[PDB]
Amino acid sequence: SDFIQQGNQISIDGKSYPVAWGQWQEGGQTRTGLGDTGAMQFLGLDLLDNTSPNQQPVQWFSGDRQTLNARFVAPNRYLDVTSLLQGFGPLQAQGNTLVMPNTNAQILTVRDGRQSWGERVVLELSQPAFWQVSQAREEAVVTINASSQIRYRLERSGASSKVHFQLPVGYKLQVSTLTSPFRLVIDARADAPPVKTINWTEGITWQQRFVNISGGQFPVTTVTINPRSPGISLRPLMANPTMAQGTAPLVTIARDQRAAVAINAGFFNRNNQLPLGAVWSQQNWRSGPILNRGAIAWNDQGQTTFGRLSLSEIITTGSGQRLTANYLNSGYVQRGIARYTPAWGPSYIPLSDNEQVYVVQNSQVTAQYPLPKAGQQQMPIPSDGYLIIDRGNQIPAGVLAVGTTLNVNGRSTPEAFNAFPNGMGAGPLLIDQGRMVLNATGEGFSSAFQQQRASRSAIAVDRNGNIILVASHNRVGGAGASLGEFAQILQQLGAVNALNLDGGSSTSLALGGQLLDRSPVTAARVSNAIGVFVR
C-alpha cells in the first residue's frame, strides 16, 4: 500500500538496469522515488553525509546541494527524485520498468591532465547526464548517457558513450560532477573511494572509511546495525532458498530474498556448490558445523554469542544403543557417521566411495543400501525422515536393522550456543571479549590459507552490542589484508567480538540490493549470506 506503482528496473537509452523504484501521491502530485544505492550507482548521484535518515543531501550537476526526501519501504530506502529531475519532463512507468527521461546531453570536449595523486579526465557536457562506472582489476569503464600512465579510449554507443580505461595496478576511478560548465570529472587514483557516512534507516548506518594499521591504509566498507531496533532481524540466507546445494551472486541473494543488507558468509566448495560449515535459522539446521570453527549465533531480541562451534547428534535406537553422528547436512567429507535431512534437499548423491545409507522414515529404519561410487546415483531424502550415511564402516552390524525406532538428540558446544535459534559458522574467530584470539591452525585452516593476502569479510559486535558487517579489499598501493592485519583492522573499528567470514572474490556487501564494496562483475557466486531485514 506504500506505492501506486513500483518495480525493480529502470531504463536508460533502451537498456534496463536493476534499480528499485516506486511512485506515490503526495500533495496531489505524483512523486517518484529510487533506491538510494541504486540511484547512486546507475544515475551517478553523489550521496553526501546526512543527518536524519529521512533526508539525503546530494550533488548531481548542481551548484547548490539538494536535499532529497528519503522514505524506507522494505527492503529499500527510496529517494524522492521528482524535483531533481523535473526539468527533463514527467517520469513514466511501463509496468515493472521506470523509463528515465532524455536529458539531451552531448559530450563537447574531452581533456586530461596529471595531478598529485594520478590523472584526471574531464568530459565537458551540454546538459547533465546519467552515468555509471564499473571496474574489474585494471580495466574500468564509465558509461554516460550522452552522445559524442593511464590509457583511455572513447566508444560511441548511439545516444550514449563509454570511456574505457586501462589503469596502473592499484588505481581506481573516482567520478564526480561540476557545473558552469557541466562536467563529468574522472579521477584515477589509489586512495579511493572517498569517506562517507550515511544514516540509512533507524538502526542502520553505512560508512566508507580508511583504516590505518602498521601494514598500511585500507579502504573499508561497513554497515552497522542495532539489532535491538524495533523490527530488525537477521537471517542466514542460502543461494537456493530451500536447499543446501547452490551458489549465486550475493547481490542476487540480497535482491531475490528481499534483504535490506547482506554480506557473504560461510565457506563452500565451489566445485559442487555445497556448504562447508554451520548454517541455521529458527532452530532449523541447513548445514552443520565443521572443524570446531569460529561461529556467531543470535536471536531476534538482539542477543549474540561467538565461539568455536561443534555439534554432535546422539542417535538412540529402540534397544537403547547409541551412535554419534558428527556431520549434518554437510559437503565436508571425513570417515564417520553423517546425517542428511530434508533441509539438504530432496535427494542425496554420495560424496565418497563405499558409503552405506540407512533410510529413516517417521523415526524408523526402512531400508539399507550400499552407495559404492562417487557419485553417481541419487538417494531421495524422505520428507518425513532423513538419511544416515556411514563413511568408513563406523556402524556395527545389526544396530540399524529395518524396523528399528530412532531418536536423534543434538547438542552444541560451547553450551551457550544451544540458546540461539540462528547462526553462522565461518572462521577463524579473530577477536573475543576485546582480545586477539586468532588461531587458524587450531581451526584447521591450511598453511596456504594462513599466508594469503586477500579481500576480507567479517561480522562483529561493538561495545554497544551493535553488529558490524565489514568488507575490506586492497590497501592503498598494496595487497589485501592477511588474517592478522584484518584482526587489527577490526580492532580499530571497535570490534569486541569478530568472526572472519569467507573472503577473496566471495567478499561482497549489499545495501538496498546494490553492492557497496566492489563492482558486481568482480563478485563471485557464493553459497550463503547473512541478511538483515527491517519489518
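For every residue, the number given is its place in the sequence shown, counted from 1.
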{"property": "Missing residues, deposited sequence, between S148 and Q149 (class: none, 1 to 3, 4 to 9, 10 or more)", "result": "10 or more"}
{"property": "Residue stretch of maximal mean CA temperature factor, 58-66 vs 34-42", "result": "58-66"}
{"property": "Of 72-80 and 281-289, the one with larger mean CA B-factor", "result": "72-80"}
{"property": "Deposited CA B-factor, highest of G423, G307, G427, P230", "result": "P230"}
{"property": "Among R463, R235, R411, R255 - the residue whose C-alpha B-factor is largest in the record", "result": "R463"}
{"property": "Chain-relative CA temperature factor third for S506", "result": "lowest"}
{"property": "CA B-factor placement of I4, once the chain's modelled residues are sorted into thirds", "result": "highest"}
{"property": "Third of the chain's Cα B-factor distribution that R456 belongs to, per the entry", "result": "lowest"}
{"property": "Entry-reported Cα temperature factor of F88, expressed as the chain third it lands in", "result": "highest"}
{"property": "Ranked C-alpha temperature factor of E124 among modelled chain residues, by third", "result": "middle"}
